[PDB]
$ cat my_file.cif   # mmCIF, N, CA and C atoms and all ligand atoms
data_start
loop_
_atom_site.label_atom_id
_atom_site.label_comp_id
_atom_site.auth_asym_id
_atom_site.auth_seq_id
_atom_site.Cartn_x
_atom_site.Cartn_y
_atom_site.Cartn_z
N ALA X 340 -25.53 -41.32 -46.15
CA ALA X 340 -25.50 -39.87 -46.45
C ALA X 340 -24.20 -39.22 -45.96
N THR X 341 -23.92 -38.01 -46.44
CA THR X 341 -22.78 -37.18 -46.02
C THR X 341 -22.96 -36.64 -44.59
N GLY X 342 -24.21 -36.69 -44.09
CA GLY X 342 -24.67 -36.36 -42.75
C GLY X 342 -24.17 -37.32 -41.65
N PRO X 343 -24.70 -37.20 -40.43
CA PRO X 343 -24.39 -38.02 -39.25
C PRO X 343 -24.95 -39.46 -39.34
N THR X 344 -24.73 -40.15 -40.47
CA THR X 344 -25.18 -41.54 -40.72
C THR X 344 -24.67 -42.49 -39.62
N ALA X 345 -25.58 -43.26 -39.01
CA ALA X 345 -25.28 -44.17 -37.90
C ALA X 345 -25.12 -45.65 -38.30
N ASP X 346 -25.44 -45.99 -39.55
CA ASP X 346 -25.31 -47.33 -40.13
C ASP X 346 -23.86 -47.86 -39.93
N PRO X 347 -23.65 -48.98 -39.19
CA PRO X 347 -22.32 -49.51 -38.91
C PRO X 347 -21.43 -49.75 -40.12
N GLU X 348 -21.96 -50.19 -41.26
CA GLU X 348 -21.18 -50.41 -42.48
C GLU X 348 -20.62 -49.09 -43.00
N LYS X 349 -21.38 -48.00 -42.88
CA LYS X 349 -20.92 -46.66 -43.24
C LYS X 349 -19.76 -46.28 -42.32
N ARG X 350 -19.88 -46.47 -41.01
CA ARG X 350 -18.80 -46.22 -40.02
C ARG X 350 -17.47 -46.88 -40.42
N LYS X 351 -17.43 -48.21 -40.52
CA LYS X 351 -16.23 -48.95 -40.93
C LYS X 351 -15.77 -48.61 -42.35
N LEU X 352 -16.68 -48.53 -43.33
CA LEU X 352 -16.26 -48.27 -44.72
C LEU X 352 -15.68 -46.85 -44.83
N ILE X 353 -16.35 -45.83 -44.30
CA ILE X 353 -15.91 -44.42 -44.39
C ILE X 353 -14.57 -44.20 -43.69
N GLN X 354 -14.43 -44.74 -42.48
CA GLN X 354 -13.16 -44.63 -41.76
C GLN X 354 -12.04 -45.43 -42.44
N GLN X 355 -12.34 -46.58 -43.07
CA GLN X 355 -11.33 -47.37 -43.78
C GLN X 355 -10.92 -46.68 -45.08
N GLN X 356 -11.86 -46.01 -45.75
CA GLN X 356 -11.62 -45.30 -47.01
C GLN X 356 -10.61 -44.19 -46.71
N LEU X 357 -10.91 -43.35 -45.71
CA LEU X 357 -10.06 -42.23 -45.31
C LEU X 357 -8.66 -42.75 -44.89
N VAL X 358 -8.59 -43.72 -43.97
CA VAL X 358 -7.32 -44.30 -43.51
C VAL X 358 -6.49 -44.90 -44.66
N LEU X 359 -7.12 -45.57 -45.63
CA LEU X 359 -6.43 -46.16 -46.78
C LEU X 359 -6.07 -45.13 -47.86
N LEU X 360 -6.79 -44.01 -47.93
CA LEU X 360 -6.48 -42.88 -48.81
C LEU X 360 -5.18 -42.22 -48.35
N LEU X 361 -5.10 -41.98 -47.04
CA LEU X 361 -3.91 -41.43 -46.40
C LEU X 361 -2.75 -42.42 -46.52
N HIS X 362 -3.02 -43.72 -46.31
CA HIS X 362 -2.02 -44.77 -46.54
C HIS X 362 -1.57 -44.76 -48.00
N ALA X 363 -2.47 -44.63 -48.98
CA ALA X 363 -2.13 -44.57 -50.39
C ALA X 363 -1.20 -43.39 -50.71
N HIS X 364 -1.44 -42.19 -50.16
CA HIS X 364 -0.56 -41.03 -50.34
C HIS X 364 0.85 -41.31 -49.79
N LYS X 365 0.88 -41.74 -48.52
CA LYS X 365 2.07 -42.21 -47.78
C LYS X 365 2.90 -43.21 -48.58
N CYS X 366 2.24 -44.29 -48.97
CA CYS X 366 2.79 -45.45 -49.64
C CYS X 366 3.18 -45.12 -51.10
N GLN X 367 2.52 -44.16 -51.75
CA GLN X 367 2.92 -43.66 -53.08
C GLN X 367 4.26 -42.92 -52.97
N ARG X 368 4.41 -42.01 -51.99
CA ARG X 368 5.70 -41.32 -51.73
C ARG X 368 6.80 -42.28 -51.32
N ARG X 369 6.47 -43.23 -50.45
CA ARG X 369 7.38 -44.28 -49.97
C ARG X 369 7.91 -45.14 -51.11
N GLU X 370 7.01 -45.54 -52.01
CA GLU X 370 7.33 -46.35 -53.19
C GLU X 370 8.23 -45.56 -54.15
N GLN X 371 7.80 -44.34 -54.48
CA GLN X 371 8.52 -43.39 -55.34
C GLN X 371 9.93 -43.05 -54.80
N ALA X 372 10.12 -43.07 -53.47
CA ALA X 372 11.42 -42.83 -52.83
C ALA X 372 12.46 -43.95 -53.08
N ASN X 373 12.03 -45.10 -53.60
CA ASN X 373 12.87 -46.25 -53.95
C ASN X 373 12.88 -46.46 -55.48
N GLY X 374 11.70 -46.56 -56.10
CA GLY X 374 11.51 -46.68 -57.55
C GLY X 374 11.98 -47.98 -58.23
N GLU X 375 12.42 -49.00 -57.49
CA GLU X 375 12.93 -50.28 -58.04
C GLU X 375 12.38 -51.54 -57.35
N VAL X 376 11.90 -51.44 -56.10
CA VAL X 376 11.39 -52.56 -55.29
C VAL X 376 10.15 -52.13 -54.48
N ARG X 377 9.17 -53.04 -54.35
CA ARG X 377 7.94 -52.83 -53.56
C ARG X 377 8.22 -52.70 -52.06
N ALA X 378 7.28 -52.07 -51.34
CA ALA X 378 7.33 -51.86 -49.89
C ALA X 378 5.98 -52.11 -49.17
N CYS X 379 4.97 -52.64 -49.88
CA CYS X 379 3.63 -52.89 -49.35
C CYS X 379 2.96 -54.12 -50.00
N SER X 380 2.05 -54.76 -49.26
CA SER X 380 1.30 -55.97 -49.65
C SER X 380 -0.18 -55.96 -49.22
N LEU X 381 -0.68 -54.88 -48.61
CA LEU X 381 -2.08 -54.72 -48.17
C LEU X 381 -3.02 -54.79 -49.41
N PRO X 382 -3.91 -55.80 -49.54
CA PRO X 382 -4.76 -55.97 -50.73
C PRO X 382 -5.53 -54.73 -51.22
N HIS X 383 -6.09 -53.95 -50.30
CA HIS X 383 -6.88 -52.74 -50.61
C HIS X 383 -6.03 -51.50 -50.94
N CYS X 384 -4.76 -51.45 -50.51
CA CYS X 384 -3.85 -50.32 -50.73
C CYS X 384 -3.66 -50.02 -52.22
N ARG X 385 -3.44 -51.03 -53.07
CA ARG X 385 -3.27 -50.85 -54.52
C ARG X 385 -4.51 -50.25 -55.20
N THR X 386 -5.70 -50.67 -54.76
CA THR X 386 -6.99 -50.13 -55.24
C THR X 386 -7.10 -48.67 -54.83
N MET X 387 -6.82 -48.34 -53.57
CA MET X 387 -6.85 -46.95 -53.10
C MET X 387 -5.79 -46.06 -53.76
N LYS X 388 -4.58 -46.58 -54.01
CA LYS X 388 -3.53 -45.90 -54.79
C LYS X 388 -4.05 -45.59 -56.20
N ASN X 389 -4.78 -46.52 -56.83
CA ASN X 389 -5.37 -46.29 -58.15
C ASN X 389 -6.47 -45.21 -58.09
N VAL X 390 -7.32 -45.24 -57.05
CA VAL X 390 -8.37 -44.24 -56.77
C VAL X 390 -7.76 -42.86 -56.52
N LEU X 391 -6.62 -42.78 -55.81
CA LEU X 391 -5.92 -41.52 -55.54
C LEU X 391 -5.36 -40.95 -56.85
N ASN X 392 -4.65 -41.76 -57.65
CA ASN X 392 -4.15 -41.35 -58.96
C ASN X 392 -5.31 -40.87 -59.85
N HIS X 393 -6.46 -41.55 -59.79
CA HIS X 393 -7.65 -41.09 -60.50
C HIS X 393 -8.08 -39.73 -59.95
N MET X 394 -8.18 -39.54 -58.63
CA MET X 394 -8.54 -38.22 -58.06
C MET X 394 -7.56 -37.11 -58.47
N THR X 395 -6.29 -37.45 -58.78
CA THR X 395 -5.32 -36.45 -59.28
C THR X 395 -5.59 -36.10 -60.74
N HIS X 396 -5.99 -37.08 -61.56
CA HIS X 396 -6.36 -36.86 -62.97
C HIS X 396 -7.78 -36.26 -63.14
N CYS X 397 -8.67 -36.51 -62.18
CA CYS X 397 -10.06 -36.08 -62.11
C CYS X 397 -10.23 -34.55 -62.15
N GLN X 398 -11.41 -34.09 -62.59
CA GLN X 398 -11.76 -32.67 -62.71
C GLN X 398 -13.03 -32.27 -61.95
N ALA X 399 -13.92 -33.21 -61.63
CA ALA X 399 -15.11 -32.95 -60.81
C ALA X 399 -14.89 -33.28 -59.33
N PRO X 400 -14.15 -34.37 -59.08
CA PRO X 400 -13.90 -34.96 -57.76
C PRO X 400 -15.17 -35.48 -57.07
N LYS X 401 -16.03 -34.57 -56.61
CA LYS X 401 -17.31 -34.85 -55.93
C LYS X 401 -18.45 -35.20 -56.89
N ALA X 402 -18.54 -34.45 -57.99
CA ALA X 402 -19.52 -34.64 -59.08
C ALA X 402 -19.13 -35.79 -60.03
N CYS X 403 -17.90 -36.31 -59.90
CA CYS X 403 -17.36 -37.50 -60.55
C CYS X 403 -17.91 -38.73 -59.77
N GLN X 404 -19.23 -38.72 -59.68
CA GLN X 404 -20.24 -39.60 -59.06
C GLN X 404 -19.95 -41.12 -58.99
N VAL X 405 -18.90 -41.61 -59.65
CA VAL X 405 -18.41 -43.00 -59.54
C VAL X 405 -18.17 -43.29 -58.06
N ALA X 406 -18.80 -44.34 -57.53
CA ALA X 406 -18.79 -44.70 -56.11
C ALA X 406 -17.46 -44.44 -55.37
N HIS X 407 -16.39 -45.10 -55.83
CA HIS X 407 -15.06 -44.99 -55.22
C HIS X 407 -14.46 -43.58 -55.29
N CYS X 408 -14.52 -42.88 -56.43
CA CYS X 408 -13.93 -41.54 -56.56
C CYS X 408 -14.74 -40.47 -55.80
N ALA X 409 -16.06 -40.42 -56.00
CA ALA X 409 -16.94 -39.50 -55.29
C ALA X 409 -16.79 -39.68 -53.77
N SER X 410 -16.78 -40.93 -53.28
CA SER X 410 -16.53 -41.21 -51.86
C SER X 410 -15.15 -40.70 -51.46
N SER X 411 -14.08 -41.09 -52.18
CA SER X 411 -12.70 -40.67 -51.89
C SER X 411 -12.55 -39.17 -51.67
N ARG X 412 -13.12 -38.37 -52.57
CA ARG X 412 -13.09 -36.91 -52.50
C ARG X 412 -13.93 -36.38 -51.36
N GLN X 413 -15.09 -36.97 -51.05
CA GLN X 413 -15.89 -36.56 -49.88
C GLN X 413 -15.13 -36.78 -48.56
N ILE X 414 -14.51 -37.96 -48.34
CA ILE X 414 -13.69 -38.20 -47.14
C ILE X 414 -12.43 -37.35 -47.03
N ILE X 415 -11.69 -37.18 -48.12
CA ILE X 415 -10.50 -36.32 -48.10
C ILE X 415 -10.89 -34.84 -47.97
N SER X 416 -12.04 -34.41 -48.49
CA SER X 416 -12.56 -33.05 -48.31
C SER X 416 -12.90 -32.83 -46.83
N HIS X 417 -13.52 -33.82 -46.16
CA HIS X 417 -13.75 -33.78 -44.72
C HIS X 417 -12.40 -33.60 -44.00
N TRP X 418 -11.41 -34.44 -44.31
CA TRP X 418 -10.08 -34.38 -43.69
C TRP X 418 -9.40 -33.02 -43.90
N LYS X 419 -9.54 -32.41 -45.09
CA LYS X 419 -9.01 -31.07 -45.40
C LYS X 419 -9.67 -29.96 -44.57
N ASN X 420 -11.00 -30.03 -44.39
CA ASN X 420 -11.78 -29.06 -43.62
C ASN X 420 -11.74 -29.27 -42.09
N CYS X 421 -11.45 -30.50 -41.64
CA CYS X 421 -11.39 -30.96 -40.25
C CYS X 421 -10.68 -30.01 -39.26
N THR X 422 -11.15 -30.08 -38.02
CA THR X 422 -10.66 -29.43 -36.79
C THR X 422 -10.09 -30.49 -35.83
N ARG X 423 -9.77 -31.65 -36.42
CA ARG X 423 -9.29 -33.00 -36.03
C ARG X 423 -8.99 -33.40 -34.57
N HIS X 424 -8.82 -32.48 -33.63
CA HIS X 424 -8.54 -32.76 -32.22
C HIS X 424 -9.63 -33.60 -31.49
N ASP X 425 -10.84 -33.73 -32.06
CA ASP X 425 -11.97 -34.45 -31.46
C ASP X 425 -13.00 -34.98 -32.48
N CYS X 426 -12.55 -35.67 -33.55
CA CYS X 426 -13.46 -36.22 -34.58
C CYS X 426 -13.32 -37.78 -34.65
N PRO X 427 -14.41 -38.55 -34.87
CA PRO X 427 -14.48 -40.02 -34.80
C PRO X 427 -13.47 -40.85 -35.60
N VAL X 428 -12.82 -40.24 -36.60
CA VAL X 428 -11.85 -40.87 -37.51
C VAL X 428 -10.50 -40.13 -37.47
N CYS X 429 -10.59 -38.81 -37.27
CA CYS X 429 -9.52 -37.86 -37.05
C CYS X 429 -8.67 -38.22 -35.82
N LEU X 430 -9.30 -38.39 -34.65
CA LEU X 430 -8.64 -38.79 -33.41
C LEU X 430 -7.90 -40.14 -33.55
N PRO X 431 -8.54 -41.23 -34.02
CA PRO X 431 -7.85 -42.48 -34.37
C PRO X 431 -6.61 -42.27 -35.24
N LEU X 432 -6.73 -41.55 -36.37
CA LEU X 432 -5.59 -41.26 -37.26
C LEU X 432 -4.48 -40.47 -36.59
N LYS X 433 -4.85 -39.58 -35.66
CA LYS X 433 -3.90 -38.76 -34.90
C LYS X 433 -3.09 -39.66 -33.97
N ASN X 434 -3.74 -40.65 -33.34
CA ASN X 434 -3.07 -41.68 -32.53
C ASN X 434 -2.23 -42.62 -33.44
N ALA X 435 -2.74 -42.94 -34.64
CA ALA X 435 -2.07 -43.75 -35.67
C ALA X 435 -0.84 -43.04 -36.30
N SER X 436 -0.62 -41.76 -35.97
CA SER X 436 0.46 -40.88 -36.47
C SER X 436 1.20 -40.16 -35.33
N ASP X 437 1.15 -40.70 -34.11
CA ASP X 437 1.81 -40.15 -32.91
C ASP X 437 3.33 -39.98 -33.08
N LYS X 438 3.93 -40.85 -33.91
CA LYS X 438 5.35 -40.87 -34.30
C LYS X 438 5.54 -41.26 -35.77
N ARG X 439 6.72 -40.95 -36.32
CA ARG X 439 7.14 -41.22 -37.71
C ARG X 439 8.64 -41.50 -37.84
ZN ZN A 501 0.59 -49.45 -48.96
ZN ZN A 502 -13.06 -38.89 -60.50
ZN ZN A 503 -12.59 -34.98 -38.82
#
$ encode --input "my_file.cif" --output "structure tokens"
Amino acid sequence: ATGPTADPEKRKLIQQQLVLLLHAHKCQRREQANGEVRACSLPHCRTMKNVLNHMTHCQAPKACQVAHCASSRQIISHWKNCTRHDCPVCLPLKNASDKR
């Protein structure tokens, strides 16, 4: 559920979806900044980049009930609404972005 779900697979999958969505945005700009040679090899990154491009073409986002897209928009909507200084996935990402 979108609620305080405690199921461990939900924990890892939801946090990985959000982290790879942000990686897909990052890595799309990074790739576009070169436009002639690749800069990534993470197996799931290309799938999430495709899901992100779909969310850009999409018109329902959340009601676009397809597992990957509906999930993608629910996690990124959480990240958009977030108060991030003390959240279970927010705090990790904040440490994962301490420098650039
Ligand atoms: Zn990547
Ligand atoms: Zn969609
Ligand atoms: Zn959060």
$ atom_distance --input "my_file.cif" --atom1 "atom C of residue 368 (chain X)" --atom2 "atom N of residue 390 (chain X)"
15.5 Å
$ residues_near_ligand --input "my_file.cif" --ligand "ligand ZN 502 (chain A)" --cutoff "8 Å" --atoms "only N, CA and C atoms and all ligand atoms" --output "number ranges by chain"
X: 390, 393-405, 407-409, 412
$ closest_atom_pairs --input "my_file.cif" --of "chain X" --to "ligand ZN 501 (chain A)" --cutoff "7 Å" --atoms "only C-alpha atoms and all ligand atoms" --output "JSON lines"
{"residue": "X:362", "atom": "CA", "partner": "A:ZN501", "partner_atom": "ZN", "distance": 5.9}
{"residue": "X:363", "atom": "CA", "partner": "A:ZN501", "partner_atom": "ZN", "distance": 5.8}
{"residue": "X:366", "atom": "CA", "partner": "A:ZN501", "partner_atom": "ZN", "distance": 4.6}
{"residue": "X:379", "atom": "CA", "partner": "A:ZN501", "partner_atom": "ZN", "distance": 4.6}
{"residue": "X:380", "atom": "CA", "partner": "A:ZN501", "partner_atom": "ZN", "distance": 6.6}
{"residue": "X:381", "atom": "CA", "partner": "A:ZN501", "partner_atom": "ZN", "distance": 6.0}
{"residue": "X:384", "atom": "CA", "partner": "A:ZN501", "partner_atom": "ZN", "distance": 4.9}
{"residue": "X:385", "atom": "CA", "partner": "A:ZN501", "partner_atom": "ZN", "distance": 6.9}
$ closest_atom_pairs --input "my_file.cif" --of "chain X" --to "ligand ZN 503 (chain A)" --cutoff "10 Å" --atoms "only C-alpha atoms and all ligand atoms" --output "CSV"
residue,atom,partner,partner_atom,distance
X:414,CA,A:ZN503,ZN,9.0
X:415,CA,A:ZN503,ZN,9.6
X:416,CA,A:ZN503,ZN,9.7
X:417,CA,A:ZN503,ZN,6.1
X:418,CA,A:ZN503,ZN,5.5
X:419,CA,A:ZN503,ZN,8.4
X:420,CA,A:ZN503,ZN,7.7
X:421,CA,A:ZN503,ZN,4.4
X:422,CA,A:ZN503,ZN,6.2
X:423,CA,A:ZN503,ZN,4.8
X:424,CA,A:ZN503,ZN,8.1
X:425,CA,A:ZN503,ZN,7.4
X:426,CA,A:ZN503,ZN,4.5
X:427,CA,A:ZN503,ZN,6.7
X:428,CA,A:ZN503,ZN,6.1
X:429,CA,A:ZN503,ZN,4.6
X:430,CA,A:ZN503,ZN,7.7
X:431,CA,A:ZN503,ZN,9.9
X:432,CA,A:ZN503,ZN,9.5
$ write_last_selection --input "my_file.cif" --atoms "N, CA and C atoms" --output "CSV table (one decimal), keeping the file's coordinate frame"
chain,number,residue,atom,x,y,z
X,414,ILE,N,-14.5,-38.0,-48.3
X,414,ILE,CA,-13.7,-38.2,-47.1
X,414,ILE,C,-12.4,-37.4,-47.0
X,415,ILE,N,-11.7,-37.2,-48.1
X,415,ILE,CA,-10.5,-36.3,-48.1
X,415,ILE,C,-10.9,-34.8,-48.0
X,416,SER,N,-12.0,-34.4,-48.5
X,416,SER,CA,-12.6,-33.0,-48.3
X,416,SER,C,-12.9,-32.8,-46.8
X,417,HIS,N,-13.5,-33.8,-46.2
X,417,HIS,CA,-13.8,-33.8,-44.7
X,417,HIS,C,-12.4,-33.6,-44.0
X,418,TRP,N,-11.4,-34.4,-44.3
X,418,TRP,CA,-10.1,-34.4,-43.7
X,418,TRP,C,-9.4,-33.0,-43.9
X,419,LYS,N,-9.5,-32.4,-45.1
X,419,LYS,CA,-9.0,-31.1,-45.4
X,419,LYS,C,-9.7,-30.0,-44.6
X,420,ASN,N,-11.0,-30.0,-44.4
X,420,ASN,CA,-11.8,-29.1,-43.6
X,420,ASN,C,-11.7,-29.3,-42.1
X,421,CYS,N,-11.4,-30.5,-41.6
X,421,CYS,CA,-11.4,-31.0,-40.2
X,421,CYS,C,-10.7,-30.0,-39.3
X,422,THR,N,-11.2,-30.1,-38.0
X,422,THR,CA,-10.7,-29.4,-36.8
X,422,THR,C,-10.1,-30.5,-35.8
X,423,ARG,N,-9.8,-31.6,-36.4
X,423,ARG,CA,-9.3,-33.0,-36.0
X,423,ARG,C,-9.0,-33.4,-34.6
X,424,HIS,N,-8.8,-32.5,-33.6
X,424,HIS,CA,-8.5,-32.8,-32.2
X,424,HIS,C,-9.6,-33.6,-31.5
X,425,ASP,N,-10.8,-33.7,-32.1
X,425,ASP,CA,-12.0,-34.4,-31.5
X,425,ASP,C,-13.0,-35.0,-32.5
X,426,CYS,N,-12.6,-35.7,-33.6
X,426,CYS,CA,-13.5,-36.2,-34.6
X,426,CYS,C,-13.3,-37.8,-34.6
X,427,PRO,N,-14.4,-38.6,-34.9
X,427,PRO,CA,-14.5,-40.0,-34.8
X,427,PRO,C,-13.5,-40.8,-35.6
X,428,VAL,N,-12.8,-40.2,-36.6
X,428,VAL,CA,-11.8,-40.9,-37.5
X,428,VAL,C,-10.5,-40.1,-37.5
X,429,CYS,N,-10.6,-38.8,-37.3
X,429,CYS,CA,-9.5,-37.9,-37.0
X,429,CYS,C,-8.7,-38.2,-35.8
X,430,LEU,N,-9.3,-38.4,-34.6
X,430,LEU,CA,-8.6,-38.8,-33.4
X,430,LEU,C,-7.9,-40.1,-33.6
X,431,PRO,N,-8.5,-41.2,-34.0
X,431,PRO,CA,-7.8,-42.5,-34.4
X,431,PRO,C,-6.6,-42.3,-35.2
X,432,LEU,N,-6.7,-41.6,-36.4
X,432,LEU,CA,-5.6,-41.3,-37.3
X,432,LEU,C,-4.5,-40.5,-36.6
$ axis_aligned_box --input "my_file.cif" --around "region 390-396 of chain X" --padding-each-side "5 Å" --output "JSON"
{"center_x": -6.3, "center_y": -40.7, "center_z": -59.3, "size_x": 14.4, "size_y": 19.1, "size_z": 17.6}
$ closest_residue --input "my_file.cif" --among "X:411, X:355, X:373, X:344" --to "residue 391 (chain X)" --atoms "all atoms listed in the file"
X:411
